[PDB]
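S.K.: I have a structure I would like to understand better, so I am pasting it below and will then ask my questions one at a time.
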Amino acid sequence: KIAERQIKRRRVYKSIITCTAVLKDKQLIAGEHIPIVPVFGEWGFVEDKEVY
Amino acid sequence: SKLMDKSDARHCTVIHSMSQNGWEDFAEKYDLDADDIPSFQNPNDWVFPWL
Amino acid sequence: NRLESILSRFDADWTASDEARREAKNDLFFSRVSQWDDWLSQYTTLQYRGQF
């Protein structure tokens, strides 16, 4: 162990939720980004509100 | 002047229209008194109802 | 102070570019949301308003 260093990284947490309670809270996800990959068509913003 | 490139002209006048902050910027750049607001022949009209 | 000067400059630029920003915002709304730029008469009476 040569030394220690502080490295900034992103961690993804998943929490299964309902309208009344959280069944699972902050389950760490492997990925560094949100796994959902969106595909858009005529995407854009008109009045600060998303329109696709 | 009788030439397209205006090379015969012995003088030329360029009218500068600038906002207030532009006026202080111009005065600072050319070392002028920004307090004395300048005036000249108005190159543009007000045919359109600009605010 | 700094606040007054910043607000004066911003107000001058906003007043200078008000018409251009209004026209461009109309262009964005017309080409992105809807081509019926009716805000008052839209609720007065229900009539057919096609989008061709």
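Labeling convention for the structure tokens: chains A, B, ... as they appear, residues from 1 per chain, ligands from 1 in order of appearance.
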Can you pull out every residue within 7 Å of stretch 33-42 of chain B, counting only C-alpha atoms, but drop anything in the same chain fewer than 6 positions away, and send it as a list in words?
M.R.: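 The filter keeps residues 23, 24 and 27 of chain B.
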S.K.: Please identify the alpha helix (DSSP H) residues within chain C (assignment by DSSP from backbone atoms) and present them as a VMD selection string.
M.R.: chain C and resid 2 to 16 18 to 32
S.K.: Tell me, counting only C-alpha atoms, for each residue of chain C within 8 Å of chain A, which pair of atoms is nearest and how far apart they are in Å to one decimal, in rows ordered by chain and increasing number, as a Markdown table.
M.R.:
| residue | atom | partner | partner_atom | distance |
| --- | --- | --- | --- | --- |
| C:25 | CA | A:46 | CA | 7.9 |
| C:28 | CA | A:46 | CA | 6.1 |
| C:29 | CA | A:46 | CA | 6.3 |
| C:32 | CA | A:46 | CA | 6.8 |
| C:33 | CA | A:46 | CA | 7.6 |
S.K.: Based on the selection just made, write C-alpha atoms of those residues as a compact mmCIF listing (two decimals), in the first residue's frame.
M.R.:
# COMPACT_ATOMS: atom_id res chain seq x y z
CA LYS C 25 -39.85 32.61 -29.44
CA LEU C 28 -39.98 28.17 -31.88
CA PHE C 29 -43.57 27.86 -30.65
CA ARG C 32 -42.49 23.03 -32.22
CA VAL C 33 -45.76 23.24 -30.27
S.K.: Using only C-alpha atoms and a distance of at most 9 Å, pull out the residues of chain B that contact chain C, as a PyMOL selection string.
M.R.: chain B and resi 19-21+50-51
S.K.: Using C-alpha atoms, can you export the residues from the last selection as an mmCIF file, in the first residue's frame?
M.R.:
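Dumped to again-v9.cif:
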data_model
loop_
_atom_site.group_PDB
_atom_site.id
_atom_site.type_symbol
_atom_site.label_atom_id
_atom_site.label_comp_id
_atom_site.auth_asym_id
_atom_site.auth_seq_id
_atom_site.Cartn_x
_atom_site.Cartn_y
_atom_site.Cartn_z
ATOM 1 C CA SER B 19 -25.837 52.327 -26.130
ATOM 2 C CA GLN B 20 -25.090 54.102 -22.854
ATOM 3 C CA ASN B 21 -22.579 51.530 -21.590
ATOM 4 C CA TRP B 50 -39.536 49.946 -31.780
ATOM 5 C CA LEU B 51 -40.000 49.916 -28.014
#
S.K.: Leaving out stretch 11-14 of chain A and any residue of its chain fewer than 6 positions from it, which residues lie within 9 Å of it when counting only C-alpha atoms, given as a VMD selection string?
M.R.: chain A and resid 24 to 35
S.K.: Please write the residues from the selection above to a file, keeping N, CA and C atoms, as a PDB file, in the first residue's frame.
M.R.:
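Generated output (again21.pdb):
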ATOM      1  N   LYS A  24     -37.290  -1.382  -0.902  1.00  0.00           N
ATOM      2  CA  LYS A  24     -35.836  -1.463  -0.927  1.00  0.00           C
ATOM      3  C   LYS A  24     -35.283  -0.055  -1.064  1.00  0.00           C
ATOM      4  N   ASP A  25     -34.268   0.268  -0.266  1.00  0.00           N
ATOM      5  CA  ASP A  25     -33.731   1.622  -0.200  1.00  0.00           C
ATOM      6  C   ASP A  25     -32.246   1.603  -0.531  1.00  0.00           C
ATOM      7  N   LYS A  26     -31.871   2.334  -1.579  1.00  0.00           N
ATOM      8  CA  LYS A  26     -30.477   2.588  -1.941  1.00  0.00           C
ATOM      9  C   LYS A  26     -29.687   1.289  -2.106  1.00  0.00           C
ATOM     10  N   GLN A  27     -30.109   0.488  -3.078  1.00  0.00           N
ATOM     11  CA  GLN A  27     -29.346  -0.679  -3.497  1.00  0.00           C
ATOM     12  C   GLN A  27     -28.341  -0.242  -4.554  1.00  0.00           C
ATOM     13  N   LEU A  28     -27.057  -0.432  -4.267  1.00  0.00           N
ATOM     14  CA  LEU A  28     -26.013   0.051  -5.160  1.00  0.00           C
ATOM     15  C   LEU A  28     -26.054  -0.702  -6.484  1.00  0.00           C
ATOM     16  N   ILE A  29     -26.017   0.049  -7.579  1.00  0.00           N
ATOM     17  CA  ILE A  29     -26.026  -0.507  -8.925  1.00  0.00           C
ATOM     18  C   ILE A  29     -24.605  -0.492  -9.464  1.00  0.00           C
ATOM     19  N   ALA A  30     -24.279  -1.508 -10.265  1.00  0.00           N
ATOM     20  CA  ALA A  30     -22.915  -1.672 -10.756  1.00  0.00           C
ATOM     21  C   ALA A  30     -22.470  -0.476 -11.587  1.00  0.00           C
ATOM     22  N   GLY A  31     -23.337   0.010 -12.470  1.00  0.00           N
ATOM     23  CA  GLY A  31     -22.928   1.019 -13.423  1.00  0.00           C
ATOM     24  C   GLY A  31     -22.602   2.352 -12.776  1.00  0.00           C
ATOM     25  N   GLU A  32     -21.847   3.160 -13.519  1.00  0.00           N
ATOM     26  CA  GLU A  32     -21.541   4.529 -13.129  1.00  0.00           C
ATOM     27  C   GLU A  32     -22.556   5.531 -13.661  1.00  0.00           C
ATOM     28  N   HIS A  33     -23.480   5.093 -14.513  1.00  0.00           N
ATOM     29  CA  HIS A  33     -24.535   5.933 -15.054  1.00  0.00           C
ATOM     30  C   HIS A  33     -25.869   5.218 -14.896  1.00  0.00           C
ATOM     31  N   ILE A  34     -26.950   5.968 -15.081  1.00  0.00           N
ATOM     32  CA  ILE A  34     -28.294   5.399 -15.024  1.00  0.00           C
ATOM     33  C   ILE A  34     -28.452   4.444 -16.201  1.00  0.00           C
ATOM     34  N   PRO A  35     -28.780   3.174 -15.957  1.00  0.00           N
ATOM     35  CA  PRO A  35     -28.762   2.183 -17.048  1.00  0.00           C
ATOM     36  C   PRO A  35     -29.756   2.454 -18.163  1.00  0.00           C
TER      37      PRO A  35
END
